[PDB]
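Remarks on the structure that follows.
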Amino acid sequence: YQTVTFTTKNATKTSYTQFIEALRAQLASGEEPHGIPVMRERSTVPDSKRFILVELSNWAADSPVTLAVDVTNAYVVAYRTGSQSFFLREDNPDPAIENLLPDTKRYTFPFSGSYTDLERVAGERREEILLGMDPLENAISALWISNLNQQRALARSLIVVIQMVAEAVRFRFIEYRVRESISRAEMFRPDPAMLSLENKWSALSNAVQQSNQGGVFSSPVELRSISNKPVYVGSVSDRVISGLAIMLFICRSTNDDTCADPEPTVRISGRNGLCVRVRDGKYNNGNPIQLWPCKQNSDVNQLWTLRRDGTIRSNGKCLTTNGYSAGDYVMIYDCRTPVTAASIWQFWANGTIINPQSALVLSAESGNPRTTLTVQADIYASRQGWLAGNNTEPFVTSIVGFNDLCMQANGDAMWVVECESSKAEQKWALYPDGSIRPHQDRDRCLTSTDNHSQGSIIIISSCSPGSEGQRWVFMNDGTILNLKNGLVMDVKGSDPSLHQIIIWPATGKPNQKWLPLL
Ligand SMILES: *[C@@H]1O[C@H](CO)[C@@H](O[C@@H]2O[C@@H](CO)[C@@H](O)[C@@H](O)[C@@H]2NC(C)=O)[C@H](O)[C@@H]1NC(C)=O
Ligand SMILES: *[C@@H]1O[C@H](CO)[C@@H](O[C@@H]2O[C@@H](CO)[C@@H](O)[C@H](O)[C@H]2NC(C)=O)[C@H](O)[C@@H]1NC(C)=O
Ligand SMILES: O[C@@H]1[C@@H](O)[C@H](O)OC[C@H]1O
């Protein structure tokens with residue numbers, strides 16, 4: 001395992017994914033913190049195993065351009081063109097990078113592989129360079145020739161190449177963009193979402209790794225949408241995170257703190273987008289915990305410190321169960337100095353808040369505001385789904401699936417139709433409780449006809465049950481999972497004309513890949 005190849009020659013949406021996917025597979029160390037692949041630690045990789053060679057091809061051939069890609073961060077540190085090797089200046093000469101390609105030219109550019117440098121030398125920004133097959137086809141040709149009196153264009157070219165390989169490896173969002181370039185043969189400029197993903201790749205890894213057990217960030221990471229709207233990410237469980245394919249190595253979870261275990265104070269949103277609230281702001285012992293709209297101010301009765309001891313705290317007091325039986329209510333109570341079992345919860349990344357002593361879960365048996373919460377038998381219903389984080393408004397976007405087609409609401413039915421920007425039926429609200437709702441009808445949910453039946457057609461129905469078939473999780477897999485089922489969302493027989501998205505065991509790839517679009 002050393003050399004992955006890609007060619008432009010008759011390139012398909014499939015073969016670019018196969019290439020990206022193959023590069024992700026060797027860049028993955030077996031480790032998978034919080035469920036997302038991370039890359040190998042530098043002090044762990046011997047110089048011998050420190051590189052992948054990426055062999056790119058072209059029409060105006062005849063030997064390929066080979067990039068040296070560092071397994072540690074997916075940096076393009078050098079590239080070869082026959083006898084000649086070209087290297088990027090570096091802030092800290094690594095033993096490994098020099099000696100990487102012996103028996104070869106060795107020229108070093110006066111610039112680094114960073115974007116600030118490359119843009120500087122290129123004389124334009126990332127948002128001004130077209131991306132796509134033609135741009136890559138020209139970038140490859142220009143890196144083949146490697147004319148040192150040009151150089152402006154060498155640096156431009158590396159911007160094309162790094163974005164279309166390394167960035168795509170890291171994000172399924174940008175991988176999507178290039179697939180759409182190949183399908184429509186239409187070049188594209190990098191939109192502000194793609195630039196923010198590339199800019200915040202390091203931060204996202206840091207946030208995820210240094211998160212508590214449960215995936216809650218200590219600080220949000222600020223991303224962008226297409227159009228320049230701010231996107232705040234507060235946990236691994238945020239649906240946008242599902243497009244984060246592979247992370248930089250930062251640390252290992254619990255001159256270097258292996259990984260901090262913070263105790264963040266966050267809102268907890270769930271059922272119908274409502275918030276876990278200490279009723280009327282009162283903290284007398286035994287006072288109920290309820291559903292209530294999310295306040296976005298800083299009143300203390302909606303803020304919960306998720307402490308390491310497993311308690312969940314608002315003000316000075318602890319989130320507590322009144323008893324260990326199906327139907328018993330959850331309340332505020334004093335935290336004890338031995339710290340009792342009725343006050344310990346695991347808040348799981350999937351969105352369940354479970355009291356370990358009773359194996360019963362935080363539930364909302366009733367969809368309306370002021371409904372008293374409730375430990376219940378875990379059935380992974382949406383009713384029983386939750387999300388830590390201060391940005392509580394449902395993320396609104398397109399769900400792209402098979403053949404880069406978009407889910408579209410059609411009355412009581414959903415199925416994937418060709419993507420088209422004005423939507424509005426194609427817009428989906430990704431709720432805090434795991435449900436997918438049509439933008440223009442937020443009383444209705446993306447629901448299984450029968451969650452017990454494999455092959456059951458998924459419809460749009462009333463959210464009012466808050467059932468098993470109304471919770472969905474966007475997985476690093478790229479699948480949409482049903483917890484409880486173990487089953488995935490699926491386009492029948494990879495055939496969109498059947499108008500049926502169904503519930504099916506994990507295959508095989510393509511007809512079961514989904515991306516909540518950023
Ligand atoms: C919890 O939410 C609030 C913001 O709404 C933040 O906490 C506050 O910040 C300061 C102001 O001096 C500090 O004095 C607190 O101690 C204060 N309030 C309390 C008691 O929480 C904080 O940003 C947290 N939010 C995030 C981003 O996780
Ligand atoms: C994420 O979703 C899971 C549903 O399958 C929940 O439970 C965990 O799942 C088990 C098998 O996948 C098991 O390996 C786990 O240990 C179990 N929880 C624990 C800590 O015992 C829960 O939502 C999952 N856990 C995370 C990563 O939050
Ligand atoms: O909630 C508390 C806040 O009011 C203040 O900043 O003191 C510490 C915090 O935990």
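By order in the structure tokens, chains are A, B, ...; within a chain, residues start at 1; ligands start at 1, following the order shown.
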
Fewer than 3 positions away in the same chain doesn't count, so skip those; otherwise give me all residues within 7 Å of residue 374 of chain A, counting only C-alpha atoms, as a ChimeraX atom specification. /A:327-330,362-364

With only C-alpha atoms and all ligand atoms counted, collect every polymer residue having an atom within 12 Å of ligand 1; state the result as a PDB file with N, CA and C atoms, in the first residue's frame.
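Final output, pocket29.pdb:
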```
ATOM      1  N   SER A 211     -13.461  17.035  23.009  1.00  0.00           N
ATOM      2  CA  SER A 211     -14.822  17.078  23.535  1.00  0.00           C
ATOM      3  C   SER A 211     -14.985  16.100  24.718  1.00  0.00           C
ATOM      4  N   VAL A 216     -19.762  16.698  23.142  1.00  0.00           N
ATOM      5  CA  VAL A 216     -20.076  18.118  23.355  1.00  0.00           C
ATOM      6  C   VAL A 216     -18.783  18.917  23.385  1.00  0.00           C
ATOM      7  N   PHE A 217     -18.722  19.984  22.590  1.00  0.00           N
ATOM      8  CA  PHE A 217     -17.493  20.787  22.451  1.00  0.00           C
ATOM      9  C   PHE A 217     -17.419  21.705  23.632  1.00  0.00           C
ATOM     10  N   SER A 218     -16.226  22.107  24.038  1.00  0.00           N
ATOM     11  CA  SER A 218     -16.142  23.131  25.067  1.00  0.00           C
ATOM     12  C   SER A 218     -16.358  24.536  24.497  1.00  0.00           C
ATOM     13  N   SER A 219     -15.968  24.723  23.235  1.00  0.00           N
ATOM     14  CA  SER A 219     -16.207  25.942  22.492  1.00  0.00           C
ATOM     15  C   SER A 219     -16.771  25.528  21.145  1.00  0.00           C
ATOM     16  N   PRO A 220     -17.828  26.247  20.655  1.00  0.00           N
ATOM     17  CA  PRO A 220     -18.233  26.041  19.247  1.00  0.00           C
ATOM     18  C   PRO A 220     -17.146  26.433  18.235  1.00  0.00           C
ATOM     19  N   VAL A 221     -17.202  25.788  17.077  1.00  0.00           N
ATOM     20  CA  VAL A 221     -16.344  26.075  15.940  1.00  0.00           C
ATOM     21  C   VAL A 221     -17.270  26.759  14.964  1.00  0.00           C
ATOM     22  N   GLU A 222     -16.854  27.896  14.395  1.00  0.00           N
ATOM     23  CA  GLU A 222     -17.719  28.646  13.470  1.00  0.00           C
ATOM     24  C   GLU A 222     -17.430  28.318  12.007  1.00  0.00           C
ATOM     25  N   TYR A 232     -22.805  27.406  13.483  1.00  0.00           N
ATOM     26  CA  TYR A 232     -22.151  27.106  14.745  1.00  0.00           C
ATOM     27  C   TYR A 232     -22.249  25.618  15.071  1.00  0.00           C
ATOM     28  N   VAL A 233     -21.098  24.982  15.304  1.00  0.00           N
ATOM     29  CA  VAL A 233     -20.988  23.567  15.573  1.00  0.00           C
ATOM     30  C   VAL A 233     -20.545  23.318  17.014  1.00  0.00           C
ATOM     31  N   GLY A 234     -21.410  22.640  17.772  1.00  0.00           N
ATOM     32  CA  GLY A 234     -21.200  22.423  19.208  1.00  0.00           C
ATOM     33  C   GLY A 234     -21.008  20.992  19.681  1.00  0.00           C
ATOM     34  N   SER A 235     -20.964  20.038  18.762  1.00  0.00           N
ATOM     35  CA  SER A 235     -20.794  18.648  19.134  1.00  0.00           C
ATOM     36  C   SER A 235     -20.511  17.729  17.941  1.00  0.00           C
ATOM     37  N   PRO A 262     -13.591  18.274  29.132  1.00  0.00           N
ATOM     38  CA  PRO A 262     -14.130  19.477  29.689  1.00  0.00           C
ATOM     39  C   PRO A 262     -15.488  19.218  30.286  1.00  0.00           C
ATOM     40  N   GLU A 263     -15.985  20.224  30.992  1.00  0.00           N
ATOM     41  CA  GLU A 263     -17.327  20.185  31.537  1.00  0.00           C
ATOM     42  C   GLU A 263     -18.075  21.404  30.995  1.00  0.00           C
ATOM     43  N   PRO A 264     -18.633  21.262  29.776  1.00  0.00           N
ATOM     44  CA  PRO A 264     -19.303  22.376  29.121  1.00  0.00           C
ATOM     45  C   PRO A 264     -20.697  22.614  29.660  1.00  0.00           C
ATOM     46  N   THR A 265     -21.057  23.879  29.676  1.00  0.00           N
ATOM     47  CA  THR A 265     -22.403  24.298  29.946  1.00  0.00           C
ATOM     48  C   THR A 265     -23.149  24.603  28.617  1.00  0.00           C
ATOM     49  N   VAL A 266     -24.178  23.811  28.340  1.00  0.00           N
ATOM     50  CA  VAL A 266     -24.932  23.897  27.081  1.00  0.00           C
ATOM     51  C   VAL A 266     -26.461  23.823  27.273  1.00  0.00           C
ATOM     52  N   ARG A 267     -27.210  24.219  26.265  1.00  0.00           N
ATOM     53  CA  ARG A 267     -28.622  23.958  26.261  1.00  0.00           C
ATOM     54  C   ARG A 267     -28.772  22.513  25.901  1.00  0.00           C
ATOM     55  N   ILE A 268     -29.893  21.892  26.256  1.00  0.00           N
ATOM     56  CA  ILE A 268     -30.228  20.547  25.775  1.00  0.00           C
ATOM     57  C   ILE A 268     -31.586  20.641  25.058  1.00  0.00           C
ATOM     58  N   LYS A 295     -34.447  29.617  24.799  1.00  0.00           N
ATOM     59  CA  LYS A 295     -34.498  31.039  25.127  1.00  0.00           C
ATOM     60  C   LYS A 295     -33.423  31.931  24.508  1.00  0.00           C
ATOM     61  N   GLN A 296     -32.295  31.359  24.131  1.00  0.00           N
ATOM     62  CA  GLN A 296     -31.254  32.142  23.463  1.00  0.00           C
ATOM     63  C   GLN A 296     -30.684  33.330  24.269  1.00  0.00           C
ATOM     64  N   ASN A 297     -31.313  33.652  25.396  1.00  0.00           N
ATOM     65  CA  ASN A 297     -30.719  34.567  26.383  1.00  0.00           C
ATOM     66  C   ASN A 297     -29.734  33.798  27.323  1.00  0.00           C
ATOM     67  N   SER A 298     -29.651  34.155  28.600  1.00  0.00           N
ATOM     68  CA  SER A 298     -28.707  33.519  29.512  1.00  0.00           C
ATOM     69  C   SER A 298     -29.318  33.239  30.870  1.00  0.00           C
ATOM     70  N   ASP A 299     -30.650  33.229  30.939  1.00  0.00           N
ATOM     71  CA  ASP A 299     -31.362  32.715  32.108  1.00  0.00           C
ATOM     72  C   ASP A 299     -30.856  31.296  32.399  1.00  0.00           C
ATOM     73  N   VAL A 300     -30.578  31.033  33.676  1.00  0.00           N
ATOM     74  CA  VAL A 300     -29.845  29.845  34.143  1.00  0.00           C
ATOM     75  C   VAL A 300     -30.638  28.510  34.039  1.00  0.00           C
ATOM     76  N   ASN A 301     -31.973  28.623  33.901  1.00  0.00           N
ATOM     77  CA  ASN A 301     -32.904  27.488  34.002  1.00  0.00           C
ATOM     78  C   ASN A 301     -32.975  26.588  32.777  1.00  0.00           C
ATOM     79  N   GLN A 302     -32.161  26.920  31.783  1.00  0.00           N
ATOM     80  CA  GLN A 302     -32.074  26.183  30.538  1.00  0.00           C
ATOM     81  C   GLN A 302     -30.635  25.801  30.232  1.00  0.00           C
ATOM     82  N   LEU A 303     -29.733  26.075  31.167  1.00  0.00           N
ATOM     83  CA  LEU A 303     -28.325  25.760  30.956  1.00  0.00           C
ATOM     84  C   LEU A 303     -27.832  24.663  31.895  1.00  0.00           C
ATOM     85  N   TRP A 304     -27.141  23.699  31.306  1.00  0.00           N
ATOM     86  CA  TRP A 304     -26.768  22.487  32.019  1.00  0.00           C
ATOM     87  C   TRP A 304     -25.287  22.243  31.894  1.00  0.00           C
ATOM     88  N   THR A 305     -24.597  22.196  33.030  1.00  0.00           N
ATOM     89  CA  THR A 305     -23.201  21.797  33.058  1.00  0.00           C
ATOM     90  C   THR A 305     -23.182  20.283  33.111  1.00  0.00           C
ATOM     91  N   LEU A 306     -22.573  19.724  32.066  1.00  0.00           N
ATOM     92  CA  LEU A 306     -22.384  18.287  31.898  1.00  0.00           C
ATOM     93  C   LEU A 306     -21.049  17.967  32.559  1.00  0.00           C
ATOM     94  N   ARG A 313     -26.079  19.560  35.660  1.00  0.00           N
ATOM     95  CA  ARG A 313     -26.331  20.612  36.660  1.00  0.00           C
ATOM     96  C   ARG A 313     -26.842  21.936  36.094  1.00  0.00           C
ATOM     97  N   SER A 314     -27.854  22.489  36.745  1.00  0.00           N
ATOM     98  CA  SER A 314     -28.321  23.819  36.442  1.00  0.00           C
ATOM     99  C   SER A 314     -28.348  24.591  37.729  1.00  0.00           C
ATOM    100  N   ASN A 315     -27.812  25.809  37.710  1.00  0.00           N
ATOM    101  CA  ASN A 315     -27.622  26.619  38.921  1.00  0.00           C
ATOM    102  C   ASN A 315     -26.638  25.930  39.870  1.00  0.00           C
ATOM    103  N   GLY A 316     -27.104  25.538  41.047  1.00  0.00           N
ATOM    104  CA  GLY A 316     -26.261  24.710  41.891  1.00  0.00           C
ATOM    105  C   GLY A 316     -26.669  23.249  41.944  1.00  0.00           C
ATOM    106  N   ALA A 388     -26.946  18.242  22.725  1.00  0.00           N
ATOM    107  CA  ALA A 388     -26.265  19.266  23.518  1.00  0.00           C
ATOM    108  C   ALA A 388     -25.752  20.370  22.601  1.00  0.00           C
ATOM    109  N   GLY A 389     -25.889  21.625  23.029  1.00  0.00           N
ATOM    110  CA  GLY A 389     -25.393  22.731  22.239  1.00  0.00           C
ATOM    111  C   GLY A 389     -26.257  23.950  22.349  1.00  0.00           C
ATOM    112  N   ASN A 390     -25.629  25.119  22.219  1.00  0.00           N
ATOM    113  CA  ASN A 390     -26.279  26.408  22.404  1.00  0.00           C
ATOM    114  C   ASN A 390     -26.943  26.961  21.149  1.00  0.00           C
ATOM    115  N   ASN A 391     -26.410  26.638  19.966  1.00  0.00           N
ATOM    116  CA  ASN A 391     -27.136  26.902  18.723  1.00  0.00           C
ATOM    117  C   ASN A 391     -28.286  25.871  18.610  1.00  0.00           C
TER     118      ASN A 391
END
```

Nearest to ligand 3 by atom-to-atom distance, counting only C-alpha atoms and all ligand atoms, from A:197, A:36, A:317, A:27: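 Result for the nearest residue to ligand 3: A:317.
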
Top pick for closest residue to residue 428 of chain A, considering A:410, A:398, A:454, A:205 and counting only C-alpha atoms: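 Among the listed residues, the smallest separation from residue 428 of chain A belongs to A:398.
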
Quick one: everything within 8 Å of segment 3-11 of chain A, counting only C-alpha atoms, minus sequence neighbours fewer than 3 positions away in the same chain. Send it as a PyMOL selection string. chain A and resi 15-16+19+22-23+52-59+133+137+182

Which of A:405, A:166, A:45, A:353 sits closest to ligand 2 [using only C-alpha atoms and all ligand atoms]: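 So, comparing all the options, the nearest one is A:353.
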
Compute the set of protein, DNA and RNA residues whose minimum atom distance to ligand 2 is at most 8 Å, using only C-alpha atoms and all ligand atoms, and state it as a PDB file with C-alpha atoms, in the first residue's frame.
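After the write, pocket_37.pdb holds the following:
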```
ATOM      1  CA  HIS A  34     -16.078   9.667  18.786  1.00  0.00           C
ATOM      2  CA  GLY A  35     -16.770   7.601  15.652  1.00  0.00           C
ATOM      3  CA  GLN A 213     -17.569  11.782  26.401  1.00  0.00           C
ATOM      4  CA  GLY A 214     -20.711  12.457  24.499  1.00  0.00           C
ATOM      5  CA  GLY A 215     -19.123  14.706  21.935  1.00  0.00           C
ATOM      6  CA  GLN A 346     -24.613   9.234  30.364  1.00  0.00           C
ATOM      7  CA  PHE A 347     -25.457  11.679  27.537  1.00  0.00           C
ATOM      8  CA  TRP A 348     -24.677   9.630  24.423  1.00  0.00           C
ATOM      9  CA  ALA A 349     -23.472  11.042  21.137  1.00  0.00           C
ATOM     10  CA  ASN A 350     -26.394   9.496  19.336  1.00  0.00           C
ATOM     11  CA  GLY A 351     -28.751  11.542  21.499  1.00  0.00           C
ATOM     12  CA  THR A 352     -29.918   9.399  24.357  1.00  0.00           C
ATOM     13  CA  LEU A 483     -31.185   3.168  16.056  1.00  0.00           C
ATOM     14  CA  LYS A 484     -33.546   0.423  17.215  1.00  0.00           C
ATOM     15  CA  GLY A 486     -30.035  -1.199  13.030  1.00  0.00           C
TER      16      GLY A 486
END
```

Do you know which residues are at most 7 Å from segment 495-510 of chain A counting only C-alpha atoms, after dropping those on the same chain fewer than 3 positions away, and could you put them as a PDB file with N, CA and C atoms, in the first residue's frame?
```pdb
ATOM      1  N   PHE A 402     -28.270   9.203  -3.524  1.00  0.00           N
ATOM      2  CA  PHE A 402     -27.898   8.447  -4.720  1.00  0.00           C
ATOM      3  C   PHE A 402     -27.901   9.318  -5.977  1.00  0.00           C
ATOM      4  N   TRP A 415     -39.251  11.135  -2.002  1.00  0.00           N
ATOM      5  CA  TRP A 415     -38.316  10.404  -2.848  1.00  0.00           C
ATOM      6  C   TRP A 415     -37.305  11.354  -3.505  1.00  0.00           C
ATOM      7  N   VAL A 416     -36.198  10.823  -4.014  1.00  0.00           N
ATOM      8  CA  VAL A 416     -35.119  11.643  -4.519  1.00  0.00           C
ATOM      9  C   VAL A 416     -35.381  12.030  -5.968  1.00  0.00           C
ATOM     10  N   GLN A 454     -38.426  -4.644   7.503  1.00  0.00           N
ATOM     11  CA  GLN A 454     -37.333  -4.334   6.598  1.00  0.00           C
ATOM     12  C   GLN A 454     -37.952  -4.177   5.232  1.00  0.00           C
ATOM     13  N   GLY A 455     -37.652  -3.065   4.576  1.00  0.00           N
ATOM     14  CA  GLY A 455     -38.143  -2.820   3.231  1.00  0.00           C
ATOM     15  C   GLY A 455     -39.285  -1.839   3.260  1.00  0.00           C
ATOM     16  N   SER A 456     -39.704  -1.457   4.472  1.00  0.00           N
ATOM     17  CA  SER A 456     -40.785  -0.504   4.689  1.00  0.00           C
ATOM     18  C   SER A 456     -40.486   0.829   4.043  1.00  0.00           C
ATOM     19  N   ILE A 457     -41.450   1.312   3.270  1.00  0.00           N
ATOM     20  CA  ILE A 457     -41.286   2.578   2.596  1.00  0.00           C
ATOM     21  C   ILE A 457     -41.425   3.741   3.621  1.00  0.00           C
ATOM     22  N   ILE A 458     -40.453   4.651   3.593  1.00  0.00           N
ATOM     23  CA  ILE A 458     -40.392   5.823   4.461  1.00  0.00           C
ATOM     24  C   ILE A 458     -41.250   6.952   3.891  1.00  0.00           C
ATOM     25  N   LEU A 487     -31.152  -0.583  10.936  1.00  0.00           N
ATOM     26  CA  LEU A 487     -31.360  -0.425   9.474  1.00  0.00           C
ATOM     27  C   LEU A 487     -31.079   0.978   8.917  1.00  0.00           C
ATOM     28  N   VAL A 488     -30.784   1.039   7.632  1.00  0.00           N
ATOM     29  CA  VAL A 488     -30.346   2.272   6.994  1.00  0.00           C
ATOM     30  C   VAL A 488     -31.401   2.775   5.989  1.00  0.00           C
ATOM     31  N   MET A 489     -31.417   4.084   5.697  1.00  0.00           N
ATOM     32  CA  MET A 489     -32.206   4.642   4.574  1.00  0.00           C
ATOM     33  C   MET A 489     -31.586   4.248   3.233  1.00  0.00           C
ATOM     34  N   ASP A 490     -32.437   3.948   2.254  1.00  0.00           N
ATOM     35  CA  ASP A 490     -32.072   3.185   1.046  1.00  0.00           C
ATOM     36  C   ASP A 490     -32.997   3.539  -0.120  1.00  0.00           C
ATOM     37  N   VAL A 491     -32.400   3.813  -1.269  1.00  0.00           N
ATOM     38  CA  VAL A 491     -33.149   4.025  -2.493  1.00  0.00           C
ATOM     39  C   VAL A 491     -33.388   2.640  -3.126  1.00  0.00           C
ATOM     40  N   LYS A 492     -34.642   2.234  -3.239  1.00  0.00           N
ATOM     41  CA  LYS A 492     -34.969   0.911  -3.762  1.00  0.00           C
ATOM     42  C   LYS A 492     -34.143   0.553  -4.996  1.00  0.00           C
ATOM     43  N   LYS A 513     -25.855   6.115   0.449  1.00  0.00           N
ATOM     44  CA  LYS A 513     -25.093   7.283   0.883  1.00  0.00           C
ATOM     45  C   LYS A 513     -25.885   8.568   0.859  1.00  0.00           C
TER      46      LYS A 513
END
```
